[PDB]
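A.B. asks: Have a peek at data-v6.cif (mmCIF, C-alpha atoms).
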data_input
loop_
_atom_site.label_atom_id
_atom_site.label_comp_id
_atom_site.auth_asym_id
_atom_site.auth_seq_id
_atom_site.Cartn_x
_atom_site.Cartn_y
_atom_site.Cartn_z
CA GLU A 2692 121.01 60.16 59.87
CA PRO A 2693 117.40 59.00 59.41
CA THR A 2694 115.09 61.82 58.38
CA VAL A 2695 113.06 63.62 61.06
CA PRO A 2696 109.24 63.72 60.84
CA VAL A 2697 107.55 67.13 60.79
CA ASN A 2698 103.90 68.16 60.66
CA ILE A 2699 103.33 69.84 57.30
CA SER A 2700 100.71 72.26 58.65
CA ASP A 2701 103.31 74.28 60.62
CA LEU A 2702 106.99 74.66 59.72
CA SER A 2703 109.59 77.03 61.15
CA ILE A 2704 112.68 78.13 59.22
CA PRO A 2705 115.27 80.22 61.12
CA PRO A 2706 117.00 83.17 59.42
CA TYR A 2707 119.56 82.31 56.74
CA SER A 2708 118.53 78.64 56.80
CA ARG A 2709 116.68 76.03 54.76
CA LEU A 2710 114.51 72.98 55.39
CA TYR A 2711 114.71 70.06 52.97
CA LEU A 2712 111.38 68.27 52.68
CA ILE A 2713 111.50 64.65 51.49
CA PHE A 2714 108.66 63.35 49.32
CA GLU A 2715 107.93 59.96 47.81
CA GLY A 2716 108.57 59.79 44.08
CA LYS A 2717 105.72 57.52 42.99
CA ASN A 2718 102.75 59.87 43.47
CA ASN A 2719 102.37 63.52 42.51
CA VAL A 2720 103.32 66.21 45.03
CA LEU A 2721 100.99 69.22 45.18
CA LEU A 2722 101.76 71.44 48.17
CA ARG A 2723 99.77 74.59 48.89
CA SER A 2724 101.64 76.85 51.29
CA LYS A 2725 101.31 80.22 53.00
CA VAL A 2726 104.19 82.25 54.42
CA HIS A 2727 103.86 84.40 57.55
CA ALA A 2728 106.97 86.09 58.92
CA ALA A 2729 107.17 85.98 62.69
CA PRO A 2730 105.89 89.18 64.33
CA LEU A 2731 108.24 91.46 66.23
CA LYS A 2732 106.95 92.06 69.76
CA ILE A 2733 107.58 95.44 71.38
CA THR A 2734 106.95 96.05 75.08
CA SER A 2735 109.40 98.73 76.29
CA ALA A 2736 108.74 102.47 76.52
CA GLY A 2737 110.46 105.66 75.40
CA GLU A 2738 111.86 106.55 72.01
CA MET A 2739 112.13 103.65 69.56
CA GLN A 2740 113.83 104.16 66.18
CA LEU A 2741 113.75 101.37 63.59
CA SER A 2742 116.07 101.83 60.62
CA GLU A 2743 114.86 101.33 57.06
CA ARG A 2744 116.04 97.72 56.81
CA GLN A 2745 114.64 97.07 60.30
CA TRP A 2746 111.01 97.83 59.43
CA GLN A 2747 111.43 96.51 55.88
CA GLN A 2748 112.17 93.01 57.22
CA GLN A 2749 109.13 92.75 59.46
CA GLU A 2750 105.56 92.29 58.25
CA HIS A 2751 103.57 92.50 61.51
CA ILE A 2752 104.85 94.68 64.36
CA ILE A 2753 102.99 94.03 67.62
CA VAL A 2754 103.05 96.65 70.38
CA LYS A 2755 102.01 95.36 73.82
CA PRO A 2756 102.54 97.97 76.55
CA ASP A 2757 103.17 96.49 79.99
CA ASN A 2758 103.26 99.77 81.94
CA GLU A 2759 103.92 102.52 79.36
CA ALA A 2760 103.99 102.63 75.58
CA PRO A 2761 106.82 103.36 73.13
CA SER A 2762 106.88 106.22 70.64
CA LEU A 2763 106.96 104.18 67.45
CA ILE A 2764 109.24 105.70 64.80
CA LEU A 2765 109.83 104.23 61.34
CA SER A 2766 112.50 106.25 59.58
CA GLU A 2767 112.64 106.63 55.78
CA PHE A 2768 108.95 105.67 55.58
CA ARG A 2769 107.86 106.89 52.14
CA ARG A 2770 104.16 106.34 52.79
CA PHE A 2771 102.01 105.54 49.77
CA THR A 2772 99.06 107.86 49.14
CA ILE A 2773 97.01 108.28 45.98
CA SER A 2774 95.54 111.69 46.87
CA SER A 2775 97.92 114.49 47.84
CA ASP A 2776 95.21 115.67 50.24
CA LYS A 2777 95.76 114.47 53.80
CA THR A 2778 92.14 114.30 54.98
CA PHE A 2779 90.81 112.26 52.03
CA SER A 2780 93.38 109.48 51.88
CA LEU A 2781 92.43 108.95 55.53
CA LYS A 2782 88.80 108.31 54.54
CA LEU A 2783 89.90 106.03 51.71
CA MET A 2784 92.27 104.04 53.94
CA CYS A 2785 89.50 103.64 56.51
CA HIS A 2786 87.10 102.59 53.73
CA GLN A 2787 89.30 99.89 52.20
CA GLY A 2788 89.42 98.06 55.54
CA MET A 2789 93.00 98.97 56.47
CA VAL A 2790 91.80 99.78 60.01
CA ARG A 2791 90.47 96.83 62.00
CA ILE A 2792 89.28 96.47 65.59
CA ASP A 2793 88.67 93.49 67.88
CA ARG A 2794 88.22 93.57 71.68
CA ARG A 2795 90.86 96.08 72.91
CA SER A 2796 93.40 95.67 70.08
CA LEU A 2797 93.55 98.23 67.27
CA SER A 2798 95.33 97.09 64.10
CA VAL A 2799 96.43 99.43 61.30
CA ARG A 2800 97.86 98.37 57.94
CA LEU A 2801 100.34 100.67 56.20
CA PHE A 2802 102.01 100.91 52.81
CA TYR A 2803 105.29 102.30 51.54
CA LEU A 2804 107.24 102.85 48.35
CA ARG A 2805 110.48 100.91 48.01
CA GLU A 2806 113.42 100.73 45.64
CA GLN A 2807 112.32 97.30 44.45
CA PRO A 2808 109.37 97.34 42.03
CA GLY A 2809 105.88 97.28 43.50
CA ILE A 2810 104.30 98.50 46.72
CA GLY A 2811 105.21 96.97 50.06
CA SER A 2812 103.06 96.39 53.11
CA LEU A 2813 103.27 96.52 56.89
CA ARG A 2814 100.85 95.99 59.77
CA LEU A 2815 100.96 97.60 63.22
CA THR A 2816 98.85 96.08 65.99
CA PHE A 2817 98.42 98.29 69.06
CA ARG A 2818 97.26 96.00 71.85
CA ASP A 2819 96.12 97.48 75.17
CA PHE A 2820 95.17 100.58 73.14
CA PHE A 2821 91.54 100.54 74.32
CA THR A 2822 90.17 100.83 77.85
CA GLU A 2823 87.54 98.58 79.45
CA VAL A 2824 84.58 100.55 78.06
CA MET A 2825 84.65 98.78 74.67
CA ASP A 2826 85.82 95.36 75.78
CA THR A 2827 82.27 94.45 74.67
CA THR A 2828 82.86 95.00 70.94
CA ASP A 2829 80.70 91.97 70.07
CA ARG A 2830 77.51 93.99 70.61
CA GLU A 2831 76.91 96.57 67.88
CA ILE A 2832 74.55 98.65 70.03
CA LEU A 2833 77.16 99.48 72.68
CA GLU A 2834 79.76 100.34 70.03
CA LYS A 2835 77.20 102.56 68.29
CA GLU A 2836 76.50 104.29 71.61
CA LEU A 2837 80.24 104.85 72.08
CA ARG A 2838 80.63 106.15 68.51
CA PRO A 2839 79.54 109.77 69.27
CA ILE A 2840 82.14 110.00 72.05
CA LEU A 2841 84.89 109.17 69.55
CA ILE A 2842 84.19 112.38 67.59
CA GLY A 2843 84.98 115.14 70.07
CA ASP A 2844 86.92 113.51 72.91
CA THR A 2845 88.61 110.44 71.44
CA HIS A 2846 91.22 110.46 74.23
CA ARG A 2847 88.54 109.72 76.85
CA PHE A 2848 88.43 105.97 76.15
CA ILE A 2849 92.04 105.55 75.00
CA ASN A 2850 94.28 103.81 77.52
CA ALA A 2851 96.28 106.27 79.60
CA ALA A 2852 99.51 104.41 78.81
CA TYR A 2853 99.01 105.27 75.12
CA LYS A 2854 97.88 108.91 75.40
CA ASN A 2855 101.35 110.45 75.12
CA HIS A 2856 102.33 108.17 72.19
CA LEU A 2857 99.36 108.59 69.85
CA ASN A 2858 101.47 109.64 66.83
CA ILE A 2859 103.74 107.44 64.72
CA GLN A 2860 106.61 109.20 62.97
CA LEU A 2861 106.90 107.95 59.38
CA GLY A 2862 109.98 109.87 58.31
CA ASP A 2863 108.49 113.11 57.02
CA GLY A 2864 104.92 112.20 57.99
CA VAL A 2865 103.13 112.01 61.32
CA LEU A 2866 100.05 109.78 61.60
CA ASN A 2867 97.86 110.63 64.59
CA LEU A 2868 96.46 107.23 65.55
CA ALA A 2869 93.70 108.86 67.61
CA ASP A 2870 92.68 110.66 64.42
CA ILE A 2871 92.55 107.28 62.66
CA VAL A 2872 90.34 105.91 65.44
CA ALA A 2873 88.04 108.93 65.30
CA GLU A 2874 87.62 108.77 61.52
CA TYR A 2875 87.01 105.01 61.46
CA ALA A 2876 84.02 105.65 63.73
CA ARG A 2877 82.59 108.10 61.20
CA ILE A 2878 83.13 105.58 58.41
CA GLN A 2879 81.37 102.81 60.36
CA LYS A 2880 78.46 105.12 61.19
CA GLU A 2881 78.15 106.06 57.52
CA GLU A 2882 78.20 102.41 56.43
CA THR A 2884 75.31 101.59 58.78
CA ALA A 2907 82.19 111.01 50.11
CA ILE A 2908 83.06 107.70 48.44
CA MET A 2909 80.62 105.99 46.09
CA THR A 2910 80.21 102.22 46.19
CA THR A 2911 79.20 99.88 43.33
CA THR A 2912 79.66 96.19 44.14
CA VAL A 2913 79.44 93.68 41.30
CA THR A 2914 78.88 89.94 41.40
CA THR A 2915 78.97 86.96 39.03
CA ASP A 2916 75.47 87.65 37.65
CA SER A 2917 75.48 91.45 38.01
CA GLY A 2918 75.62 93.61 34.89
CA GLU A 2919 73.87 94.04 31.57
CA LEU A 2920 74.54 91.64 28.70
CA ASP A 2931 85.03 89.72 22.08
CA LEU A 2932 83.81 90.93 25.48
CA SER A 2933 81.42 88.01 25.82
CA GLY A 2934 79.72 88.19 29.20
CA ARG A 2935 78.51 91.21 31.16
CA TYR A 2936 79.01 94.97 30.87
CA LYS A 2937 79.16 97.43 33.76
CA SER A 2938 79.90 101.16 33.70
CA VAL A 2939 81.08 103.37 36.60
CA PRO A 2940 78.75 106.22 37.78
CA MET A 2941 81.00 109.10 36.57
CA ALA A 2942 84.07 110.10 34.53
CA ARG A 2943 87.30 108.91 36.14
CA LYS A 2944 90.86 110.26 36.23
CA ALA A 2945 94.05 108.90 34.66
CA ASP A 2946 95.34 107.00 37.68
CA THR A 2947 93.80 103.74 38.89
CA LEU A 2948 94.31 101.53 41.93
CA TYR A 2949 93.51 97.83 42.37
CA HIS A 2950 93.36 96.62 45.97
CA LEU A 2951 93.22 92.90 46.80
CA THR A 2952 92.43 92.23 50.45
CA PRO A 2953 93.93 89.03 51.90
CA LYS A 2954 90.43 87.59 52.26
CA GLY A 2955 90.28 87.73 48.46
CA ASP A 2956 88.02 90.63 47.46
CA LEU A 2957 88.75 93.11 44.68
CA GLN A 2958 88.54 96.85 45.36
CA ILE A 2959 89.28 98.67 42.07
CA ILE A 2960 89.77 102.35 42.93
CA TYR A 2961 88.97 105.22 40.57
CA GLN A 2962 88.60 108.99 40.82
CA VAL A 2963 86.01 111.62 39.82
CA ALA A 2964 88.01 114.00 37.56
CA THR A 2965 86.96 117.06 39.59
CA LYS A 2966 89.59 118.70 41.79
CA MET A 2967 86.90 120.69 43.63
CA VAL A 2968 85.59 117.70 45.61
CA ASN A 2969 87.53 114.46 46.05
CA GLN A 2970 85.16 111.53 45.39
CA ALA A 2971 86.73 108.14 44.70
CA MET A 2972 84.36 105.49 43.33
CA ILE A 2973 85.00 101.88 44.30
CA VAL A 2974 84.14 98.70 42.41
CA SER A 2975 83.90 95.80 44.86
CA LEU A 2976 84.13 92.18 43.66
CA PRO A 2977 83.53 90.06 46.77
CA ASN A 2978 85.40 86.76 47.15
CA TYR A 2979 87.29 87.38 43.93
CA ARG A 2980 90.31 85.14 44.53
CA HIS A 2981 88.12 82.10 45.23
CA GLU A 2982 85.71 82.79 42.34
CA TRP A 2983 87.77 84.44 39.60
CA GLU A 2984 86.74 81.77 37.06
CA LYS A 2985 83.04 82.68 37.33
CA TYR A 2986 83.56 86.32 36.31
CA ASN A 2987 82.90 87.20 32.67
CA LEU A 2988 82.45 90.89 33.44
CA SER A 2989 83.92 94.01 31.83
CA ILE A 2990 84.05 97.53 33.25
CA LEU A 2991 83.65 100.65 31.10
CA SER A 2992 84.86 104.11 32.13
CA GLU A 2993 85.45 107.46 30.43
CA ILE A 2994 88.58 109.49 31.21
CA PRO A 2995 88.23 113.16 30.18
CA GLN A 2996 91.27 114.87 28.70
CA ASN A 2997 92.61 118.42 28.69
CA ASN A 2998 91.61 119.02 25.05
CA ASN A 2999 87.88 118.47 25.74
CA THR A 3000 88.28 114.92 24.40
CA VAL A 3001 86.73 111.93 26.16
CA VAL A 3002 88.73 108.70 25.98
CA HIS A 3003 86.92 105.46 26.76
CA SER A 3004 88.55 102.79 28.90
CA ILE A 3005 87.66 99.09 29.11
CA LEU A 3006 88.79 97.02 32.10
CA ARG A 3007 88.65 93.22 31.83
CA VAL A 3008 89.52 91.08 34.86
CA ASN A 3009 91.45 87.96 33.81
CA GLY A 3010 92.35 86.28 37.08
CA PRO A 3011 95.25 88.20 38.60
CA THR A 3012 96.01 90.08 35.36
CA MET A 3013 93.95 93.27 35.02
CA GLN A 3014 93.65 93.75 31.27
CA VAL A 3015 93.13 97.43 30.42
CA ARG A 3016 91.93 98.45 26.96
CA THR A 3017 91.82 102.12 25.96
CA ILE A 3018 89.61 103.08 23.01
CA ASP A 3019 90.20 106.62 21.77
CA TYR A 3020 86.69 106.39 20.24
CA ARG A 3021 87.22 108.84 17.38
CA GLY A 3022 89.52 110.94 19.56
CA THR A 3023 91.49 112.21 16.56
CA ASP A 3024 90.71 109.61 13.85
CA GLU A 3025 87.45 108.65 12.13
CA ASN A 3026 85.53 105.36 12.43
CA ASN A 3027 88.79 103.54 13.28
CA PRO A 3028 89.60 104.37 16.90
CA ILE A 3029 93.12 103.61 18.07
CA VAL A 3030 93.14 100.87 20.70
CA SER A 3031 95.95 100.45 23.24
CA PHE A 3032 96.34 97.39 25.47
CA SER A 3033 97.97 97.22 28.89
CA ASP A 3034 97.74 95.24 32.10
CA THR A 3035 99.17 94.95 35.60
CA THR A 3036 99.36 91.66 37.47
CA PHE A 3037 99.55 91.07 41.21
CA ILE A 3038 102.83 89.32 42.01
CA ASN A 3039 104.62 88.02 45.11
CA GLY A 3040 101.46 88.11 47.20
CA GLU A 3041 100.99 91.87 46.95
CA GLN A 3042 97.72 93.48 48.02
CA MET A 3043 97.94 96.88 46.31
CA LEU A 3044 98.85 97.75 42.72
CA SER A 3045 98.96 101.19 41.11
CA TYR A 3046 98.72 102.22 37.45
CA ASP A 3047 99.24 105.87 36.55
CA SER A 3048 98.21 106.05 32.85
CA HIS A 3049 100.15 109.32 32.63
CA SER A 3050 103.85 108.51 33.02
CA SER A 3051 104.27 104.72 33.08
CA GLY A 3052 103.17 102.37 30.32
CA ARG A 3053 103.66 101.32 26.70
CA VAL A 3054 101.33 101.41 23.71
CA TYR A 3055 100.25 97.94 22.59
CA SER A 3056 97.80 96.85 19.92
CA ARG A 3057 95.85 93.62 20.38
CA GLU A 3058 98.23 91.35 18.45
CA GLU A 3059 101.26 93.11 19.92
CA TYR A 3060 99.84 92.71 23.43
CA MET A 3061 99.13 89.00 23.01
CA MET A 3062 102.59 88.45 21.55
CA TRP A 3063 104.11 90.35 24.48
CA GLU A 3064 102.16 88.19 26.93
CA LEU A 3065 103.54 85.07 25.27
CA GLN A 3066 107.06 86.53 25.37
CA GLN A 3067 106.72 87.25 29.09
CA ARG A 3068 105.47 83.70 29.61
CA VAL A 3069 108.46 82.22 27.78
CA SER A 3070 111.02 84.05 29.93
CA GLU A 3071 109.18 82.90 33.09
CA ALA A 3072 108.28 86.40 34.26
CA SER A 3073 106.50 86.76 37.59
CA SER A 3074 103.14 87.62 36.01
CA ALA A 3075 102.99 84.29 34.18
CA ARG A 3076 103.98 82.47 37.37
CA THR A 3077 101.17 84.18 39.27
CA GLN A 3078 98.68 83.33 36.53
CA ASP A 3079 99.73 79.68 36.83
CA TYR A 3080 99.41 79.83 40.62
CA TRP A 3081 95.87 81.21 40.33
CA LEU A 3082 94.96 78.59 37.72
CA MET A 3083 96.25 75.70 39.84
CA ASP A 3084 94.41 77.14 42.84
CA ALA A 3085 91.19 77.29 40.82
CA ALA A 3086 91.54 73.75 39.46
CA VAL A 3087 91.36 72.21 42.96
CA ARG A 3088 88.24 74.04 44.11
CA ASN A 3089 86.18 70.92 44.83
CA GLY A 3090 89.11 69.07 46.44
CA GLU A 3091 89.99 66.73 43.56
CA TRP A 3092 92.11 67.84 40.62
CA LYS A 3093 89.79 68.50 37.67
CA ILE A 3094 90.10 70.94 34.75
CA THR A 3095 86.42 71.74 34.40
CA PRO A 3096 85.25 73.36 31.13
CA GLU A 3097 84.59 76.63 32.98
CA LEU A 3098 88.36 77.23 32.80
CA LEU A 3099 88.59 76.35 29.10
CA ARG A 3100 87.43 79.85 28.10
CA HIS A 3101 89.61 82.00 30.37
CA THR A 3102 92.82 80.05 29.76
CA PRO A 3103 94.78 80.44 26.52
CA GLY A 3104 96.46 77.28 25.32
CA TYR A 3105 100.20 76.82 25.02
CA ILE A 3106 102.31 74.57 22.80
CA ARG A 3107 106.07 74.12 22.56
CA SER A 3108 107.46 72.40 19.48
CA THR A 3109 110.88 71.85 17.93
CA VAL A 3110 111.63 72.22 14.22
#
Represent the structure of the file as structure tokens.

C.D. replies:
Amino acid sequence: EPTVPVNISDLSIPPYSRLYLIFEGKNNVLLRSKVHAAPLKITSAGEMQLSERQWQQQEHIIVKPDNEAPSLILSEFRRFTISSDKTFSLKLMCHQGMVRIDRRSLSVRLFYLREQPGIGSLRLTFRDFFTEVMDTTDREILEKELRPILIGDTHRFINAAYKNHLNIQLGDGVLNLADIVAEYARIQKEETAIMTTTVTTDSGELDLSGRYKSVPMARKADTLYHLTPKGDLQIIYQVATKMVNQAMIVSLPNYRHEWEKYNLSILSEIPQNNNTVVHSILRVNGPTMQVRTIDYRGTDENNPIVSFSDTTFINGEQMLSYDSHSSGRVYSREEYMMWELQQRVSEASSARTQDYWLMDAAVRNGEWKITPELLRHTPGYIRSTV
């Protein structure tokens, strides 16, 4: 049968199906695409249990009470937290932007560990959550006036249909959504503890050709790189002091759309148990976060041992974790470069993501052009037969 025409800006593929697109073979086909799984709408009331594979399928779970609200339950939800404390990861999650608000809809983004490598994601949107008081969210003055109410009596302005279902079972964890709402108000008032140091293309002092920037204090072993869908980088560190939990952020606004203009390196010092300070150098290379550790005369003299490592965002993730205590492998410079080439040869996902970022960057102006700005970041590649 003659082929059917379809608008390329919106395609629907039903479960366990495919959709063959037919292209002309004279020109070159360059198709940029984005995938959004269809949301699951929920309107009933009462208990609502979703099995592991039931909430693992979905990406955005909308809740739209008609009369009453369900008691959302997501079994086997191994929630991802970087701090074992329960009142500090709340501040950090509110700070990264994982709690959003518009009109009367409150949206919360979650995370979870899974058997497959990496960290998953999931969004819950609680429509009808808010009453008519803050239907005027456009004005900042009215929201600021309503902020003090959210501290003591948060339930005053929450819709009555949601009052008895303000907690979301997550397996072994209970997340009081009213608590989330209350704490987001404190975070917004503070914005208008967690230290903030945003860098830009031309921010920072002058192999690491470019700019240098050093965090305010001495970090911990673990590190967290957060990439919001808008395309900003939110490198997460710690303070190496168990007395007070103080994560220090490094914000790189509009990173995904400007990763070729960044020639910046980040220096940090991780203290060790033996009263030895180990330096750490972080170099952003597109989606691959190159980490260089310099022992800096830790046990040697004048010839510090240098270990290379990196973690690359893959499969559209928005949160990557590196422990520096249990997971990793020692790599010298030549060994690391050789390993990168070996990963590229076997078509590993990191190389594919690097290529995706490069092809995205090449078409910035609209017309395909490999400008010289990308001739420094990109290592060349040659295949030959002997």

A.B. asks: For CA of residue 3073 in chain A and CA of residue 3038 in chain A, determine how far apart the two atoms are, in Å to one decimal place.

C.D. replies: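 If I compute the distance from CA of residue 3073 in chain A to CA of residue 3038 in chain A, I get 6.3 Å.
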
A.B. asks: From the set A:2805, A:2966, A:2769, A:3101, which residue has the shortest atom-to-atom contact distance to residue 2863 in chain A, counting all atoms listed in the file?

C.D. replies: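 Smallest separation from residue 2863 in chain A among the options: A:2769.
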
A.B. asks: Would you mind telling me which residue in A:2829, A:2791, A:2759, A:2959 lies nearest to residue 2851 in chain A when using all atoms listed in the file?

C.D. replies: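 Distance minimum relative to residue 2851 in chain A lands on A:2759.
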
A.B. asks: Name the residues that the PyMOL selection byres ((chain A and resi 2977) around 7) pulls out of this structure, and write them as a ChimeraX atom specification.

C.D. replies: /A:2956-2957,2975-2976,2978-2979

A.B. asks: For the residues selected in the previous step, produce a file with C-alpha atoms as a PDB file, in the frame of the given file.

C.D. replies:
ATOM      1  CA  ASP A2956      88.020  90.630  47.460  1.00  0.00           C
ATOM      2  CA  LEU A2957      88.750  93.110  44.680  1.00  0.00           C
ATOM      3  CA  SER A2975      83.900  95.800  44.860  1.00  0.00           C
ATOM      4  CA  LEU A2976      84.130  92.180  43.660  1.00  0.00           C
ATOM      5  CA  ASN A2978      85.400  86.760  47.150  1.00  0.00           C
ATOM      6  CA  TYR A2979      87.290  87.380  43.930  1.00  0.00           C
TER       7      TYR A2979
END

A.B. asks: Could you pull out every residue with an atom within 9 Å of (90.3, 94.4, 33.7), file coordinates, counting only C-alpha atoms, and send them as a VMD selection string?

C.D. replies: chain A and resid 2988 to 2990 3005 to 3009 3012 to 3016 3034

A.B. asks: Using the chain letters and numbering of this document, enumerate as a PDB file with C-alpha atoms, keeping the file's coordinate frame the residues selected by the PyMOL selection byres ((chain A and resi 2918-2945) around 9).

C.D. replies:
ATOM      1  CA  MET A2909      80.620 105.990  46.090  1.00  0.00           C
ATOM      2  CA  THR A2911      79.200  99.880  43.330  1.00  0.00           C
ATOM      3  CA  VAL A2913      79.440  93.680  41.300  1.00  0.00           C
ATOM      4  CA  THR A2914      78.880  89.940  41.400  1.00  0.00           C
ATOM      5  CA  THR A2915      78.970  86.960  39.030  1.00  0.00           C
ATOM      6  CA  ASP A2916      75.470  87.650  37.650  1.00  0.00           C
ATOM      7  CA  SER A2917      75.480  91.450  38.010  1.00  0.00           C
ATOM      8  CA  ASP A2946      95.340 107.000  37.680  1.00  0.00           C
ATOM      9  CA  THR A2947      93.800 103.740  38.890  1.00  0.00           C
ATOM     10  CA  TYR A2961      88.970 105.220  40.570  1.00  0.00           C
ATOM     11  CA  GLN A2962      88.600 108.990  40.820  1.00  0.00           C
ATOM     12  CA  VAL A2963      86.010 111.620  39.820  1.00  0.00           C
ATOM     13  CA  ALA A2964      88.010 114.000  37.560  1.00  0.00           C
ATOM     14  CA  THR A2965      86.960 117.060  39.590  1.00  0.00           C
ATOM     15  CA  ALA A2971      86.730 108.140  44.700  1.00  0.00           C
ATOM     16  CA  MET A2972      84.360 105.490  43.330  1.00  0.00           C
ATOM     17  CA  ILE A2973      85.000 101.880  44.300  1.00  0.00           C
ATOM     18  CA  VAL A2974      84.140  98.700  42.410  1.00  0.00           C
ATOM     19  CA  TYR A2986      83.560  86.320  36.310  1.00  0.00           C
ATOM     20  CA  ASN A2987      82.900  87.200  32.670  1.00  0.00           C
ATOM     21  CA  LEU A2988      82.450  90.890  33.440  1.00  0.00           C
ATOM     22  CA  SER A2989      83.920  94.010  31.830  1.00  0.00           C
ATOM     23  CA  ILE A2990      84.050  97.530  33.250  1.00  0.00           C
ATOM     24  CA  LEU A2991      83.650 100.650  31.100  1.00  0.00           C
ATOM     25  CA  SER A2992      84.860 104.110  32.130  1.00  0.00           C
ATOM     26  CA  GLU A2993      85.450 107.460  30.430  1.00  0.00           C
ATOM     27  CA  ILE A2994      88.580 109.490  31.210  1.00  0.00           C
ATOM     28  CA  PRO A2995      88.230 113.160  30.180  1.00  0.00           C
ATOM     29  CA  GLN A2996      91.270 114.870  28.700  1.00  0.00           C
ATOM     30  CA  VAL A3001      86.730 111.930  26.160  1.00  0.00           C
ATOM     31  CA  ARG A3007      88.650  93.220  31.830  1.00  0.00           C
ATOM     32  CA  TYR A3046      98.720 102.220  37.450  1.00  0.00           C
ATOM     33  CA  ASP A3047      99.240 105.870  36.550  1.00  0.00           C
ATOM     34  CA  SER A3048      98.210 106.050  32.850  1.00  0.00           C
ATOM     35  CA  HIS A3049     100.150 109.320  32.630  1.00  0.00           C
TER      36      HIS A3049
END

A.B. asks: Find, counting all atoms listed in the file, the residue in A:2737, A:2856, A:2786, A:2814 that gets nearest to residue 2877 in chain A.

C.D. replies: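 Of the candidates, the smallest distance to residue 2877 in chain A is held by A:2786.
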
A.B. asks: Between CA of residue 2734 in chain A and CA of residue 2810 in chain A, what is the distance in Å, rounded to a tenth?

C.D. replies: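 Computing it gives 28.6 Å between the two atoms.
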
A.B. asks: Considering all atoms listed in the file, can you say which of A:2770, A:3057, A:2980, A:2744 comes closest to residue 3017 in chain A?

C.D. replies: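 So, comparing all the options, the nearest one is A:3057.
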
A.B. asks: In Å, with one decimal, what is the gap from CA of residue 3033 in chain A to CA of residue 3055 in chain A?

C.D. replies: 6.7 Å

A.B. asks: I need the residue nearest residue 3051 in chain A from this list: A:3035, A:2727, A:2998, A:2804. Use only C-alpha atoms for the distance.

C.D. replies: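 Looking only at the distances to residue 3051 in chain A, the closest residue turns out to be A:3035.
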
A.B. asks: Once the PyMOL selection byres ((chain A and resi 2817) around 8) is applied to the coordinates I shared, what remains selected? I want it as a ChimeraX atom specification.

C.D. replies: /A:2753-2755,2796-2798,2815-2816,2818-2820

A.B. asks: Might you pull out every residue within 10 Å of residue 2801 in chain A, with only C-alpha atoms counted and same-chain residues fewer than 6 positions away left off, and present them as a ChimeraX atom specification?

C.D. replies: /A:2768,2770-2771,2784,2789-2790,2811-2815

A.B. asks: With all atoms listed in the file as the atoms that count, which of A:3104, A:3021, A:2948, A:3083 lies nearest to residue 2723 in chain A?

C.D. replies: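 Nearest to residue 2723 in chain A: A:3083.
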
A.B. asks: Once N, CA, C and O atoms are restored for range 2813-2821 of chain A, what would the output be as a tab-separated table (two decimals), in the coordinates of the input?

C.D. replies:
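For reference, part_0.tsv as written:
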chain	number	residue	atom	x	y	z
A	2813	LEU	N	102.85	96.60	55.50
A	2813	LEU	CA	103.27	96.52	56.89
A	2813	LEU	C	102.05	96.71	57.77
A	2813	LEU	O	101.19	97.53	57.46
A	2814	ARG	N	101.97	95.94	58.85
A	2814	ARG	CA	100.85	95.99	59.77
A	2814	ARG	C	101.37	96.35	61.16
A	2814	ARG	O	102.39	95.81	61.60
A	2815	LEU	N	100.68	97.26	61.83
A	2815	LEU	CA	100.96	97.60	63.22
A	2815	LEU	C	99.74	97.26	64.05
A	2815	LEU	O	98.63	97.73	63.75
A	2816	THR	N	99.92	96.44	65.08
A	2816	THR	CA	98.85	96.08	65.99
A	2816	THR	C	99.14	96.70	67.35
A	2816	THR	O	100.16	96.38	67.98
A	2817	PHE	N	98.25	97.57	67.80
A	2817	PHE	CA	98.42	98.29	69.06
A	2817	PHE	C	97.50	97.65	70.10
A	2817	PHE	O	96.36	98.08	70.29
A	2818	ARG	N	98.00	96.61	70.76
A	2818	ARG	CA	97.26	96.00	71.85
A	2818	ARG	C	97.20	96.96	73.03
A	2818	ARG	O	97.95	97.94	73.11
A	2819	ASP	N	96.28	96.69	73.96
A	2819	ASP	CA	96.12	97.48	75.17
A	2819	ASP	C	95.69	98.92	74.85
A	2819	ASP	O	95.43	99.73	75.75
A	2820	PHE	N	95.51	99.23	73.56
A	2820	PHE	CA	95.17	100.58	73.14
A	2820	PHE	C	93.85	101.06	73.74
A	2820	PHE	O	93.72	102.23	74.09
A	2821	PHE	N	92.87	100.17	73.87
A	2821	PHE	CA	91.54	100.54	74.32
A	2821	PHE	C	91.36	100.24	75.80
A	2821	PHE	O	92.00	99.34	76.36
